[PDB]
2 protein chains.
Amino acid sequence: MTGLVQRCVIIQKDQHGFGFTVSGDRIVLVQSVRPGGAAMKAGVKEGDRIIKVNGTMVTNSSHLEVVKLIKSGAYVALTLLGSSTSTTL
Amino acid sequence: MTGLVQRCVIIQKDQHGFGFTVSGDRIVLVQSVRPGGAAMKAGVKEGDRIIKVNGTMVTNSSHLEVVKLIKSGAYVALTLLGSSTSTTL
């Protein structure tokens, strides 16, 4: 009924960055999302878990490496693990 | 084996633009993809439905709004709904 599902989003960088704050490693969480920010605009949620960056799985990489992959471009493709509800009708 | 998948793609504009044709609206679909084109190489298949363009939900947008959004940048970020075949080996 409540569980965790994978979804993907792309963040387009603006002048204020990606607009999110990541934390940890193995594995990385989205700790916070900037109001009116690119990440907020792309569908990134506080508490999402980052599974892939630009295709590359980061489930077992370090924090700094993850920040590296994220920063590498004008946009970032992320694969995220997030809460999802199942309702029977 | 065969079913439906939500998926994200970046397309970078070629010498000949994006390399695909969009028809209708609500929901806009990919009518065709030029062989060897940007869109083909980026993974875009004929039959896909366009859910988002550069972070904007376009499922309720008019054909012209979606074309505008797509042409707005050098690259475009698409959230696509399409069919997919899979095989566990």
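Use the structure listed above.
Residues numbered from 1 in each chain as written, not as in the entry; some residues may be left out. Chains lettered and ligands numbered in written order. Heavy atoms only, no water.

1. Notes on the overall build of chain A
Within chain A, the secondary structure is distributed over two helices and six strands. Put simply, chain A runs from its N terminus to its C terminus through helices and strands in the order β-β-β-α-β-β-α-β. By principal-axis analysis of the C-alpha atoms, chain A measures approximately 45 × 30 × 20 Å. Partitioning the contacts of chain A with sequence separation of at least 6, the portion at a separation of at least 24 is 60%. Distance between charge centroids for chain A: 4 Å, based on 10 positive and 5 negative side chains. (Helix = DSSP H or I, 4+ residues; strand = E, 2+ residues; numbered from the N terminus. Contact = heavy atoms within 4.5 Å. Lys, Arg positive; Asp, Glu negative; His and termini not counted. Charge placed at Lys NZ, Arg CZ, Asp CG, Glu CD.)

2. Some words on the packing of aromatic side chains
In the structure shown here, the tally under the stated rule is one aromatic pair over all chains. With a centroid separation of 5.3 Å and an interplanar angle of 45°, the aromatic rings of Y75 of chain A and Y75 of chain B are classed as tilted. A residue pair is termed interchain when its members come from two chains, as with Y75 of chain A in strand β6 (residues 75-85) and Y75 of chain B in strand β6 (residues 75-85). (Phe/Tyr/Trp six-rings, centres within 6.5 Å; stacked < 30°, edge-to-face > 60°.)

3. As for the interface of chain B and chain A
Counting from both sides, the interface comprises 10 residues of chain B and, opposite them, nine residues of chain A. A buried area of about 780 Å², summed over both sides, lies between chain B and chain A, and 61% of it is on carbon and sulfur atoms. The largest contributions to the chain B side of the interface with chain A come from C8, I10 and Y75 of chain B, which together make up 55% of the buried area. Run the count over chain B and chain A and you get zero salt bridges. (Buried area = accessible area lost by both parts, 1.4 Å probe. Salt bridge = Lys/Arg side-chain N within 4 Å of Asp/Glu carboxyl O.)

4. Quick notes on the layout of surface pockets
Of the pockets and cavities examined, the largest pocket occupies roughly 300 Å³. Residue lining of the largest pocket: 17 residues in total, with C8, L78 and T79 of chain A together with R7 and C8 of chain B positioned closest to the centre. Listing elements by their share of the lining of the largest pocket, those giving two or more residues are β1 (2-12) and β6 of chain A together with β1 (2-12) of chain B. Here the lining of the largest pocket takes six residues from β1 of chain B, the largest share from any one element. Its residues assigned to classes, the lining of the largest pocket comprises nine nonpolar, five polar and three charged. Computed from the structure, the second largest pocket encloses a volume of approximately 210 Å³. Considering the residues around the second largest pocket, the lining is formed by 15 residues, among which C8, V9 and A42 of chain A together with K52 and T79 of chain B are closest to the centre. For the lining of the second largest pocket, the secondary structure elements donating two or more residues are β1 of chain A together with β4 (49-53) and β6 of chain B. No other element matches β1 of chain A, which puts four residues into the lining of the second largest pocket. Of the residues in the lining of the second largest pocket, the class split is eight nonpolar, four polar and three charged. (1 Å grid on protein atoms, 1.4 Å probe; cavity = no way out; pocket = protein on both sides within 12 Å on 5 of 7 lines; lining within 4 Å. Points joined across faces, edges and corners; volume = space filled by probe spheres on them. Nonpolar A, V, L, I, M, F, W, Y, C, P; charged D, E, K, R; others polar.)

5. Some thoughts on the nonpolar core
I11, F20, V44, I50, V53, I70 and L78 of chain A are the most contacted members of the largest nonpolar core, which totals 21 residues. Of all the elements in the fold, those that place two or more residues in this core are β1, β2 (20-23), β3 (29-33), α1 (38-42), β4 (49-53), α2 (63-71) and β6 of chain A. Not counting residues up to four positions away in its chain, the partners in contact with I11 of chain A are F18, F20, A38, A39, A42, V44, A74, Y75, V76 and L78 of chain A. Listed in part, the 19 residues of the second largest apolar core include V33, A38, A39 and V76 of chain B. (Core = buried A, V, L, I, M, F, W, Y, C linked by side-chain atoms within 4.5 Å. Buried < 20%, exposed > 50% of the residue type's maximum accessible area, 1.4 Å probe, protein only.)

6. Describing the pattern of salt bridges
Following the criterion strictly, the structure yields five salt bridges over all chains and no others. A salt bridge links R34 of chain A to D14 of chain A, with the shortest nitrogen-to-oxygen separation between them at 3.1 Å. Within this pair, whereas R34 of chain A is found in the loop between β3 and α1, its partner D14 of chain A is found in the loop between β1 and β2, the two being separated by 20 residues in sequence. Classification of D14 of chain A as partly exposed rests on a relative accessible area of 35%. Salt-bridge contacts for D25 of chain B lead to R26 of chain B; the nearest nitrogen and oxygen are separated by 3.5 Å.

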